[PDB]
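Inspection log for the structure reproduced underneath, given as structure tokens.
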Amino acid sequence: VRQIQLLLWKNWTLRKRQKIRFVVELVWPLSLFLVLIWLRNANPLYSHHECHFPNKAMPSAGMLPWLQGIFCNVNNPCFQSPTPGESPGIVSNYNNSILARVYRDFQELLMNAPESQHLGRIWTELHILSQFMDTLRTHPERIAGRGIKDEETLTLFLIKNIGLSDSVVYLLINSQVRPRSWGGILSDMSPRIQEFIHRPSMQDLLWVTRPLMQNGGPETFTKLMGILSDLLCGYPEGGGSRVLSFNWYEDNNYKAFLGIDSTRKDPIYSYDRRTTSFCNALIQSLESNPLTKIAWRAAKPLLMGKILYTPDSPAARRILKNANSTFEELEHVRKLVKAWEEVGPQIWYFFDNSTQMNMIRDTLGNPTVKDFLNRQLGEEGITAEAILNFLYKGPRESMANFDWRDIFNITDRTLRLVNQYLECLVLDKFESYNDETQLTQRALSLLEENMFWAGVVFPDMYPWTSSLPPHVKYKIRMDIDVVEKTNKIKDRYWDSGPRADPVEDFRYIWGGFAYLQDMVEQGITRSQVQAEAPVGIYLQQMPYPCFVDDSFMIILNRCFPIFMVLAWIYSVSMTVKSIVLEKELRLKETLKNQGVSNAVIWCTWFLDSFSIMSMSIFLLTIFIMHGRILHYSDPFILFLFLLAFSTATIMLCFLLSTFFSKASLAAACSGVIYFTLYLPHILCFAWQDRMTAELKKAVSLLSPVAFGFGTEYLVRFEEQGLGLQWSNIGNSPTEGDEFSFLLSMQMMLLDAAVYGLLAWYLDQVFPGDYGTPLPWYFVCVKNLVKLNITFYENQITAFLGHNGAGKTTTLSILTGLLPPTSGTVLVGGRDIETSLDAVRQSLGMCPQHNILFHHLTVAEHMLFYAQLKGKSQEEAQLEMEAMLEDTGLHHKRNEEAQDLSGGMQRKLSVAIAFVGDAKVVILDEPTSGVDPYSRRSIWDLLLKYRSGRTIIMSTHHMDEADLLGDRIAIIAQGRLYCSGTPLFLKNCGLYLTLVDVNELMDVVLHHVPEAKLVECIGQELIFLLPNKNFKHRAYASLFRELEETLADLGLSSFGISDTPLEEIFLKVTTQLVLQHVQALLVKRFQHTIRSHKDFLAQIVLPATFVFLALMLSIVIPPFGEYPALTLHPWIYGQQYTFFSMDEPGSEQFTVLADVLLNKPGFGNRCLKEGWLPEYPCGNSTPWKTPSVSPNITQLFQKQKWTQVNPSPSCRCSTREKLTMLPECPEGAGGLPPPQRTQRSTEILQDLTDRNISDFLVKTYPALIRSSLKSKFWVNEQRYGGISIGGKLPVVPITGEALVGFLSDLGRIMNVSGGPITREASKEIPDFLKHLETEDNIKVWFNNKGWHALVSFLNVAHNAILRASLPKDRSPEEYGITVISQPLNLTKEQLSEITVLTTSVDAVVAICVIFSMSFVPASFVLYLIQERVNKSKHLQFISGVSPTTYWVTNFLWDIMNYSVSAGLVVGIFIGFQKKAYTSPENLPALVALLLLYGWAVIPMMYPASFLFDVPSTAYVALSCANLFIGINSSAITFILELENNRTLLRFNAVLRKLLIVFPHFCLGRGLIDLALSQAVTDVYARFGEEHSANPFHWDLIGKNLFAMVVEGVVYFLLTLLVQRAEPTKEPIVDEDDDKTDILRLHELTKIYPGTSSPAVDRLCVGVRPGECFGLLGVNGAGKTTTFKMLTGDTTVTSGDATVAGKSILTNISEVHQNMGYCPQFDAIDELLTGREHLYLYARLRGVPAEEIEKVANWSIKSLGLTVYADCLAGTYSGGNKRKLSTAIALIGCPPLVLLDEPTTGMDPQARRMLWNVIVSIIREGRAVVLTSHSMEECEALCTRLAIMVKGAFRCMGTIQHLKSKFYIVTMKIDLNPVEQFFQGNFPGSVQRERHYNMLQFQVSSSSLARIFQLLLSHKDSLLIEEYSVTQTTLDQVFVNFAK
Ligand SMILES: *[C@@H]1O[C@H](CO)[C@@H](O[C@@H]2O[C@H](CO)[C@@H](O[C@@H]3O[C@H](CO)[C@@H](O)[C@H](O)[C@@H]3O)[C@H](O)[C@H]2NC(C)=O)[C@H](O)[C@H]1NC(C)=O
Ligand SMILES: *[C@@H]1O[C@H](CO)[C@@H](O[C@@H]2O[C@H](CO)[C@@H](O)[C@H](O)[C@H]2NC(C)=O)[C@H](O)[C@H]1NC(C)=O
Ligand SMILES: *[C@@H]1O[C@H](CO)[C@@H](O)[C@H](O)[C@H]1NC(C)=O
Ligand SMILES: *[C@@H]1O[C@H](CO)[C@@H](O)[C@H](O)[C@H]1NC(C)=O
Ligand SMILES: *[C@@H]1O[C@H](CO)[C@@H](O)[C@H](O)[C@H]1NC(C)=O
């Protein structure tokens, strides 16, 4: 088919000529995705490496490990390499620290080396003899000549004075000449000590200790913390990495969009306590300084907090006595520190005054080897005297490290400071309360000062239950701020990451829940068993693989379809508007009649809507690739997906093309239907994806839903990279989901196909032009019988006929639109047998409506309409040139059809009506409405196309038929009357009009006996004379007589006229306002009850929106309710929990494993119904083994792999592409776990003798991928078993009896002494036993599960309890359960819940406002409908001033708004929506609802003036109101949430700026009501309560007052928006190129009501009986004068407006003067839907009262009881005009301005209307006519006037006016008549060829000479018949504006 090319070219021409929709459709979606590009740039993707978190020691695993662990893991570091904790045997990570390295260097060189054994003897020598001390050493010394003392054998002295030739003289005794033992070879462990101090352990002293030694505190606290970590922690890789857990999606609204988030109620200051009075100082310094205001707030409950137990029963006291294991040893530590107070005074006694200190001073000569000390300088740092060093520098003397100064003083100061700090602790934390209700109030009291840890309430035990049940159950009641919420157990939004923030998500560790829980369970276990065998807990979080968390992935999954829909919404609207407009102009019917099929039209529309769509999609894909938003998916499959979406939406537009007939309405409605069809994808995405049937084709019947599913799959793929590559486009992609991206696109294409097919099916049957439901396919033209018509080849055969009397059906049969067959209508020599071909190519037609496109130029209109049935384009140029030459419109070749003149449009349509060489042509009213000059132009065009064509024109103008062409054909409901020329059909007589009565009538009677005065009208006289056998006396002798006698008689005019064709055609066939507002109210009531698309659509749609809002708000559960969780591992779904059995050599560990995995099951599910009341436990115990995977799994791991990386790693490809999880290969973690077994529900894996980390971190991606199906609530099928076994590598070697060694050191001293040190040392072995635990167990927990670390503590402690008990009391009955029940919230805690609820309240308030705003939009639509379509100024002139009109419209608006308000309040009254139905709150709500309309309707009213389309105003107002309300509520709500100078602006806009808007007032009213209700509910169960009476006069009352004042001021504004006479003359001189003494007479001038001289200086007025016709050319449209005279509108004063309505000028009295001149409303102002009562409403404006007459007054009309009962919108073309002109004359007004009194009416009705007009002018009621048809202005206008170029030209009666500005027709050889017309008559004109029907016009008054030669001498000139007619008034009018 070739029509597709031309149709596509036409569509492209329209698209290019629009130039406004094309540019925006191409540019604006790019701008929309620029938002996505900006969001991608702003929101980055977080990428991070592998994590291996260290251990988290528990209080049951010693004090030292737990304390150093809580100090080390303050950040919970992420470590790439696995920590030593994950290893099977070793469990302590802190063996790389400086202290650990020092302790490893020691205990190796010194203790564990067989070198100190010898020195032990010297150490234990002591040799401290108490009796042989204290200056008691004297000996007799009787030895002589020898020593060991001094010889005493001499007569002079012994040793001193006898040192010369005598006895002993020196240390060695000698009588002749003067002169055990060695400890450790005089050196002991010298080289060992030197080596030990020369190790890297010097870094402990000379590198890191030196900053601490200098001053108290080296520098800022960060460096001190780092130094302490280096000493204690010693973590590798420096400071550990962090994940920062960037996920706020769990509440925390203040920190996301409210700016800075305020903390909790911070304490004021240290307001006294029982502490040291120094601890208060540091507490104040920490809780007031912002640096530590956060850390101390999270540390005060632990150091200074209380734990409360409810039962107070002896069992509870016994349990807690076994639970204070850590505190009873922290007290021991504190006592040990405090023992310094007594030790120090005795240690310092060794320097000031001590005998021991003197020994080293006295040992310098020979004791302790030689003079050198350290074995004669054994080491470089050794030796020196040491008597002037840190060893001693005298008891008191004045140096870098001399004496015990700089060591003892600093040590004492540090120890005293440590004792003071440690005294700032509370260890009697356990407080004994009862009944569990004092617990809650005391916790509430303590939480103000943060001195409250928790409360351990025990269910089901009375205060008198000394014994302990086999199943001991207990609860922990934490504060909700520092405990995980118990209402949600999962994150509810899976984000790739380990969820390991130090402070944001580990509320179970730093909050103290886990520590207290473990202490309580340890107490319970040790009370129920009491068999020692201590086993702690070393909770270790599961490793996490390297991940790339992209925060943008949340977007583009719920925002990409939003943007796509909002991007093609305007294209959808524009294309639907174009399609509907192509049918509204009745142009699709024209195309179908021309020959092109419907399928071709659909195909070309698809091509037009697809070319621009493809261009836009190409631009969008280029932008997306350039925007770096979809970087990995594909460059091309995205383009294919968008093309599929485009064709789907084009098919949907084709579907929505139906159900519509108006372009604007369809354009407005499609733009919202296309989004409503996209809503249920959002509905399924929001809390509905979990409930899926694996085949969403049923719900994806809408294309946007399919696009949403496809983009969801694209998002889910983009996380792993390669989103939509061809390799995995479909074939069960996305973790084996049945629904596929490829399948989704294919079914969307099928959806487009079915939409197109259904659109075809509907369009074949829905339009009213034609239909066929359920088709179930399986001499040129002449008519002998069809009745007898033979259209001649060169005649304009006017096919006249009455409406519905064969004038339409016969044409429809002949044109082939409805071929009846069985006839002899041989059109052009061809029959009906084949009318599709060779007929339409030469049967160009023209319907009544125009067939010109709005936007095509005339240079292309004829081109398209000639090539539609043409073949080539070269001939098309010649045809266009010929058509332009004929039409004479060559100058206006580039002007579009819309810009063409009104009269030129019809001329062009007739020109293109028959252009493809149409031999036979059909015309339907070629000149229905045109200017007479344009009528003559189009007639000249038609007469130039008669060379070979046989044009057939069916005109309702009988006057036009006689002048268009010969051979008229009138059909009188059957057959043919007479197919002859009008001259031969006129005589199927001659009426001469002569314009005193007695003198005028005397001439007619005297000179003729058959002369009769037909009508003696005013200023007229119509004389009737016979036509047949009239001789010469009655032919023109009267004209000779009238001309002979014309000076005496006035007349001044004369003429002869023939019989008009109109006759021939018919021959064949106050106290007034109260009664006006009532009428307007009745009209409104009738209109609103006779329209189901305006009343119900405005009282139900808001109700539906409010119901949807209520449904959305109700389903939201309360946010402030926190239930209690049983805290067992089965709270989640089916899961894998592993099982490592390490340290097999311990029988206790073997029995623990056996009673963990086999006998009582994994967990707590006892033999009785416990720990799982609703979870039954089955009996499977399969003990299976995984089958081999010989693909590569049984082979790749079958090679030799060392201890390192036993698995073949996996691809952490986060280098060039962000793949999030590594997506590890088939190797994964290696061989599968040896067994899978389940007892209750969970699969158990025996990870024994197998690497745990290499499996846990590597098989996790596979499990999560297999489990991730919705990404909302996904169970990763694993949370972490517990690894039985593991020894704490560091254990105190000394153990017990260390005090005995310490006592021996203090034995020879006062180092022993003091009451405090005895108390500290009496129970030291228990302290050392509890310092660390030898055998220990590890626990693995997945922190992504919220309640996992707690639950696995519970299962581990249950196992420990079941293992420690002896070989009796079977463990199947023994268990412990914890229940986390947080405390009830406080004011500040519930403030967040109040804000969260107020958010939903504001959302529902916005929905209610948007729903309620529709009614004012409907009122505006009605106002525009009755404004632009007239009937506005019609009611103005016929009614009271606009003030009362607007008042009654306001009253009706209130009446129609009250019902909707009642519906809304009645849908709120059900279910008690947010307690809006309360007796105190309901009046406020109903008042707000009622007053919102009163306040917003006056703002809706002015929108009528701005908007002219009565359909675009609805959307442009609803969207505007929605935007205003949303903006107002958002500004007034989100800004209300931190004193950052925005609160002043917020208050200003709340008080003065935004208070004006009623939408803001209603929003504030509902928001404040919701807040008040929430506060009342909060205070209800707190016992406070308050009144909070509505109408606060400052909170919600101000909104009501604002609405009340706004309604009045805006009504005044609407009234204001709706809100000269120099000289005049009575003289009339326009007749030749003095008062008012007549009825309905005017004596005034006139001036234009504009800035240009439109109508100035008009005539005076009209006589009582005078139908003054205000005619004129289209240049002077008379609108500027008609509007000024009546109807107001453009009735501005201008320069000199002085015209009056016969009683007063139209200055300051137009309203009073408007009661005399009812306009005829040439715009067909029947804008209502009232039947038989529309005239009842229009009959108002009665002088005093007509209520008893209005029934009969409506009866007087133009033949009532015909269409009166029919609906006003169901009237025919002329019926509405007849009704309008009947209304225009109801009160017999003196002056009537009948503008276009009839239009498109059959002559049978035009004659009746003219009869009514003459009847009403007979009495004296003047009328005014301005119709373009000269037939009406000649048969009705007694006087006539024509205005040209802005001024009138001529006046007077029609006959006298035509005389200043008589054609004889003869019917027969033109030889004798031509000679007679040139020999007898000197003047003549053309003879109109020799067609035997010639028309002769004489330019002279010698009518007498045309009688004898014409009638009497007819045979002399061979004339069969003759007739004389004067020139038509149309010639005179054309002559003026020629
Ligand atoms: C768990 O063990 C700790 C170990 O101390 C208990 O701590 C309590 O500590 C306070 C102060 O250190 C003791 O108060 C003292 O009472 C004596 C009189 O008995 C008085 O003379 C002192 O001046 C001081 O006020 C308190 O006695 C002590 N508790 C016990 C039971 O001895 C903690 O109470 C233990 N918890 C449980 C639940 O048993
Ligand atoms: C805090 O909330 C708890 C919820 O369990 C309240 O305890 C019960 O609250 C309900 C109301 O929903 C009452 O009907 C019960 O009587 C309460 N229990 C008891 C034993 O009285 C608790 O009262 C609340 N505390 C407050 C509001 O201070
Ligand atoms: C911890 O374990 C042993 C204990 O001596 C030793 O290899 C070293 O101190 C540490 N090993 C590490 C950190 O790999
Ligand atoms: C400790 O240091 C102080 C401060 O200089 C000093 O006065 C004192 O002598 C030193 N030695 C002591 C207190 O034994
Ligand atoms: C121990 O202290 C007491 C009193 O403080 C004192 O008398 C005694 O001498 C001291 N010990 C020695 C060895 O001096």
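We label chains A, B, ... in the order they appear in the structure tokens, count residues from 1 in each chain, and number ligands from 1 in the order shown.
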For chain A versus ligand 5, which residues have an atom no more than 8 Å away, and what is each residue's nearest atom pair and distance in Å rounded to one decimal, using only C-alpha atoms and all ligand atoms, chain-then-number order, as CSV?
residue,atom,partner,partner_atom_place_in_ligand_line,distance
A:346,CA,ligand 5,2 (O),7.2
A:349,CA,ligand 5,10 (C),7.8
A:353,CA,ligand 5,14 (O),7.6
A:354,CA,ligand 5,14 (O),5.7
A:355,CA,ligand 5,13 (C),6.5
A:356,CA,ligand 5,13 (C),7.8
A:1308,CA,ligand 5,13 (C),7.9
A:1309,CA,ligand 5,13 (C),5.9
A:1310,CA,ligand 5,1 (C),4.9
Excluding same-chain residues fewer than 6 positions from region 1289-1306 of chain A, what lies within 7 Å of it counting only C-alpha atoms, as a list in words? residues 90, 92, 1312, 1321, 1325, 1328, 1332 and 1334 of chain A
Please save N, CA, C and O atoms of the selected residues as a tab-separated table (two decimals), in the first residue's frame.
chain	number	residue	atom	x	y	z
A	90	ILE	N	44.52	-22.26	69.63
A	90	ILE	CA	44.75	-20.97	70.25
A	90	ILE	C	43.48	-20.13	70.19
A	90	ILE	O	42.74	-20.17	69.20
A	92	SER	N	43.48	-16.88	72.31
A	92	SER	CA	43.83	-15.55	72.79
A	92	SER	C	44.56	-14.80	71.68
A	92	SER	O	45.62	-15.23	71.22
A	1312	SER	N	55.54	-6.78	105.68
A	1312	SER	CA	54.27	-7.33	106.14
A	1312	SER	C	53.65	-6.41	107.19
A	1312	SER	O	54.33	-5.91	108.08
A	1321	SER	N	44.85	-10.40	101.16
A	1321	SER	CA	45.61	-11.62	100.91
A	1321	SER	C	45.00	-12.86	101.55
A	1321	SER	O	45.49	-13.96	101.29
A	1325	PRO	N	43.96	-16.95	96.56
A	1325	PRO	CA	43.93	-18.03	95.56
A	1325	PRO	C	42.66	-18.06	94.73
A	1325	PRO	O	42.71	-18.43	93.55
A	1328	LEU	N	43.17	-15.52	91.90
A	1328	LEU	CA	44.00	-16.03	90.82
A	1328	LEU	C	43.28	-17.12	90.04
A	1328	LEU	O	43.48	-17.24	88.82
A	1332	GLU	N	41.63	-16.05	85.16
A	1332	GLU	CA	41.54	-16.59	83.82
A	1332	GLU	C	41.01	-18.01	83.89
A	1332	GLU	O	41.09	-18.67	84.93
A	1334	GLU	N	41.07	-21.88	82.21
A	1334	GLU	CA	41.97	-22.74	81.45
A	1334	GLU	C	41.28	-23.31	80.21
A	1334	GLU	O	41.70	-23.04	79.08
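Contacts with ligand 3 are defined as any residue atom within 10 Å of a ligand atom, using only C-alpha atoms and all ligand atoms; the residues meeting this criterion are residues 82, 83, 84, 85, 87, 89, 90, 91, 92, 93, 94, 95, 96, 97, 100, 101, 104, 234, 235, 236, 1289 and 1290 of chain A.
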Just list the residues in region 1128-1290 of chain A DSSP gives helix (DSSP H, G or I) on the backbone, as a count of residues only. 33
Counting only C-alpha atoms and all ligand atoms, which protein, DNA or RNA residues come within 9 Å of ligand 1, given as an NGL selection string? :A and (316-332 or 426-432)
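Taking region 1195-1305 of chain A and asking which residues DSSP calls strand (DSSP E or B) on the backbone, you get residues 1236, 1237, 1243, 1244, 1245, 1278, 1282, 1283, 1284 and 1287 of chain A.
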What lies within 9 Å of residue 1513 (chain A) using only C-alpha atoms, ignoring chain neighbours under 2 positions off, as a VMD selection string? chain A and resid 1417 1420 to 1421 1424 1503 to 1504 1507 to 1511 1515 to 1518
Write out the residues from the selection above, keeping N, CA, C and O atoms, as a PDB file, in the first residue's frame.
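Below you can see again.pdb, which holds the result:
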ATOM      1  N   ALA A1417     -12.360  22.362  41.653  1.00  0.00           N
ATOM      2  CA  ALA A1417     -11.987  22.223  40.250  1.00  0.00           C
ATOM      3  C   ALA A1417     -13.210  21.954  39.383  1.00  0.00           C
ATOM      4  O   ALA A1417     -13.319  22.480  38.271  1.00  0.00           O
ATOM      5  N   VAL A1420     -14.997  25.205  38.933  1.00  0.00           N
ATOM      6  CA  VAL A1420     -14.303  26.024  37.943  1.00  0.00           C
ATOM      7  C   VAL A1420     -14.588  25.520  36.535  1.00  0.00           C
ATOM      8  O   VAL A1420     -14.743  26.311  35.597  1.00  0.00           O
ATOM      9  N   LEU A1421     -14.640  24.198  36.359  1.00  0.00           N
ATOM     10  CA  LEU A1421     -14.964  23.649  35.047  1.00  0.00           C
ATOM     11  C   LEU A1421     -16.347  24.093  34.597  1.00  0.00           C
ATOM     12  O   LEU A1421     -16.532  24.496  33.444  1.00  0.00           O
ATOM     13  N   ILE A1424     -16.229  27.850  33.648  1.00  0.00           N
ATOM     14  CA  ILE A1424     -15.623  28.058  32.338  1.00  0.00           C
ATOM     15  C   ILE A1424     -16.562  27.590  31.235  1.00  0.00           C
ATOM     16  O   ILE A1424     -16.681  28.237  30.188  1.00  0.00           O
ATOM     17  N   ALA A1503      -9.908  31.546  38.587  1.00  0.00           N
ATOM     18  CA  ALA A1503      -9.305  30.688  37.574  1.00  0.00           C
ATOM     19  C   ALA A1503     -10.160  30.587  36.319  1.00  0.00           C
ATOM     20  O   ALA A1503      -9.656  30.168  35.271  1.00  0.00           O
ATOM     21  N   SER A1504     -11.441  30.955  36.402  1.00  0.00           N
ATOM     22  CA  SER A1504     -12.295  30.934  35.219  1.00  0.00           C
ATOM     23  C   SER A1504     -11.825  31.940  34.176  1.00  0.00           C
ATOM     24  O   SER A1504     -11.868  31.661  32.972  1.00  0.00           O
ATOM     25  N   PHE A1507      -8.410  30.621  32.424  1.00  0.00           N
ATOM     26  CA  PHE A1507      -8.536  29.395  31.648  1.00  0.00           C
ATOM     27  C   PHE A1507      -9.718  29.497  30.695  1.00  0.00           C
ATOM     28  O   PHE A1507     -10.832  29.832  31.112  1.00  0.00           O
ATOM     29  N   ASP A1508      -9.473  29.203  29.420  1.00  0.00           N
ATOM     30  CA  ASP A1508     -10.529  29.162  28.418  1.00  0.00           C
ATOM     31  C   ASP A1508     -10.952  27.748  28.057  1.00  0.00           C
ATOM     32  O   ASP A1508     -12.101  27.539  27.657  1.00  0.00           O
ATOM     33  N   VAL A1509     -10.053  26.776  28.184  1.00  0.00           N
ATOM     34  CA  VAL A1509     -10.379  25.375  27.938  1.00  0.00           C
ATOM     35  C   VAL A1509     -11.071  24.819  29.177  1.00  0.00           C
ATOM     36  O   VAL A1509     -10.517  24.900  30.283  1.00  0.00           O
ATOM     37  N   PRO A1510     -12.268  24.249  29.046  1.00  0.00           N
ATOM     38  CA  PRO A1510     -12.985  23.764  30.232  1.00  0.00           C
ATOM     39  C   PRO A1510     -12.544  22.374  30.661  1.00  0.00           C
ATOM     40  O   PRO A1510     -13.235  21.716  31.444  1.00  0.00           O
ATOM     41  N   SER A1511     -11.406  21.913  30.150  1.00  0.00           N
ATOM     42  CA  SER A1511     -10.864  20.613  30.520  1.00  0.00           C
ATOM     43  C   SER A1511      -9.437  20.667  31.038  1.00  0.00           C
ATOM     44  O   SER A1511      -9.093  19.884  31.926  1.00  0.00           O
ATOM     45  N   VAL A1515      -7.020  19.801  35.482  1.00  0.00           N
ATOM     46  CA  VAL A1515      -5.695  19.271  35.792  1.00  0.00           C
ATOM     47  C   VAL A1515      -4.788  20.378  36.317  1.00  0.00           C
ATOM     48  O   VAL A1515      -4.094  20.209  37.327  1.00  0.00           O
ATOM     49  N   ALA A1516      -4.785  21.530  35.642  1.00  0.00           N
ATOM     50  CA  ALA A1516      -3.913  22.632  36.025  1.00  0.00           C
ATOM     51  C   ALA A1516      -4.271  23.232  37.376  1.00  0.00           C
ATOM     52  O   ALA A1516      -3.448  23.952  37.951  1.00  0.00           O
ATOM     53  N   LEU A1517      -5.470  22.965  37.892  1.00  0.00           N
ATOM     54  CA  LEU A1517      -5.853  23.395  39.229  1.00  0.00           C
ATOM     55  C   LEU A1517      -5.658  22.309  40.275  1.00  0.00           C
ATOM     56  O   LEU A1517      -5.204  22.603  41.383  1.00  0.00           O
ATOM     57  N   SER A1518      -5.990  21.055  39.953  1.00  0.00           N
ATOM     58  CA  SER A1518      -5.761  19.968  40.897  1.00  0.00           C
ATOM     59  C   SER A1518      -4.277  19.793  41.185  1.00  0.00           C
ATOM     60  O   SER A1518      -3.877  19.646  42.347  1.00  0.00           O
TER      61      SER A1518
END
Show me which residues line ligand 2, defined as having an atom within 9 Å of a ligand atom where only C-alpha atoms and all ligand atoms count, and present them as a PyMOL selection string. chain A and resi 436-437+440-441+1121-1123+1383-1386+1578-1583
